Amino acid sequence: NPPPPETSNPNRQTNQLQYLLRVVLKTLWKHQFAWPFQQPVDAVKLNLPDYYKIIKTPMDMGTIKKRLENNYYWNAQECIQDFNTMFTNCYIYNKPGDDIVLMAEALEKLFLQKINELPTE
Ligand SMILES: CCCCc1c(C)nc2nc(SCc3nc4c(c(=O)[nH]c(=O)n4CCCC)n3CC)nn2c1C
């Protein structure tokens, strides 16, 4: 595998960012379908031939959770895009009828529901 993505930013929208960690991520983390997305993809263990040749911006909730905890993000938009990157990576690598895709979509729908609760900008 390549190394996992960075969790620290080498350099106030903090309400939404706090909520992204405490409610959004935690709610997805606890969902039944969370396991494939709780850590960087280990393409050997999970036997995902060519995953890192196809997916150039790998992303996972383990990474996003640490970025939230390290106060890594520029802004809440940047975090929201890591979530979307994770989902869309799954839609790019896998066939649209696969279990893994159905799992991502369900998490994505839940994510959109929780994003609707975000505190104001
Ligand atoms: C035994 C505890 C293992 C935890 C762990 C570790 C250490 N590394 C991992 N790497 C991964 S990759 C999960 C995954 N499986 C996929 C995919 C994927 O995109 N496409 C797939 O077809 N699969 C495999 C589906 C067959 C089970 N992903 C990433 C969304 N999972 N994973 C787990 C659960």
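All residue numbers refer to positions in the sequence shown, counting from 1. Order of appearance sets the numbers: ligands from 1, and atoms from 1 within every ligand.
Linking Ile, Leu, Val, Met, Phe, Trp and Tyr whenever their side-chain heavy atoms come within less than 4.5 Å puts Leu48 and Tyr52 in one cluster.
Contacts between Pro40 and ligand 1, counted as non-hydrogen atom pairs separated by less than 4.0 Å, involve the backbone only. Only side-chain heavy atoms of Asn94 come within less than 4.0 Å of ligand 1; its backbone N, CA, C and O stay farther off.
Looking only at heavy atoms of the protein, atom 11 (C) of ligand 1 is closest to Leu46 CD2, 3.4 Å. Distance from atom 13 (C) of ligand 1 to its nearest protein heavy atom, with residue and atom name: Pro36 O, 3.3 Å. Of all protein heavy atoms, the one closest to atom 29 (C) of ligand 1 is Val41 CG2, 3.5 Å. The nearest protein atom to atom 10 (N) of ligand 1, hydrogens excluded, is given as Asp42 N, 3.0 Å; this is a heavy-atom distance. Ranking the protein heavy atoms by distance from atom 25 (C) of ligand 1 puts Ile100 CB, 4.9 Å first.
Among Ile92, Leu48, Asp60, the residue whose heavy atom sits closest to atom 15 (N) of ligand 1 is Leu48. Between atom 8 (N) of ligand 1 and the options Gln39, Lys95, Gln38, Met86, the minimum heavy-atom separation is to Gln39.
Ring geometry for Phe87 against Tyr91 counts as parallel: the plane angle stays under 30°, on a 0 to 90° scale with 60° as the upper cut.
For atom 34 (C) of ligand 1, the protein comes within 4.0 Å by at least one heavy atom. There is no protein heavy atom closer than 4.0 angstrom to atom 2 (C) of ligand 1.
Checked against a 3.5 angstrom limit, the closest N/O atoms of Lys45 and ligand 1 fall outside it.
Applying the 6.0 Å contact sphere to NZ of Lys56 captures more than 12 heavy atoms from other residues, nucleotides or ligands. Within a 6.0 Å sphere centred on CD of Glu117, other residues, nucleotides and ligands contribute more than 12 heavy atoms.
The residues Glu69 and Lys65 are annotated as salt-bridged, a charged nitrogen and a carboxylate oxygen being separated by less than 4.0 angstrom.
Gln16 contributes a side-chain N or O that, together with a main-chain N or O of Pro119, makes up a donor-acceptor pair within less than 3.5 Å. Between the side chain of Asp98 and the backbone N or O of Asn94 there is no donor-acceptor pair closer than 3.5 Å. Listed for the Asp50 side chain is no donor-acceptor partner under 3.5 Å among the backbone atoms of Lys53.
Of all atoms in ligand 1, numbered sequentially from 1 with element shown, those under 4.0 Å from a heavy atom of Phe37 are 30 (C).
Side-chain contact of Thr85 with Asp82: a donor-acceptor pair under 3.5 Å is absent, judged by distance alone.
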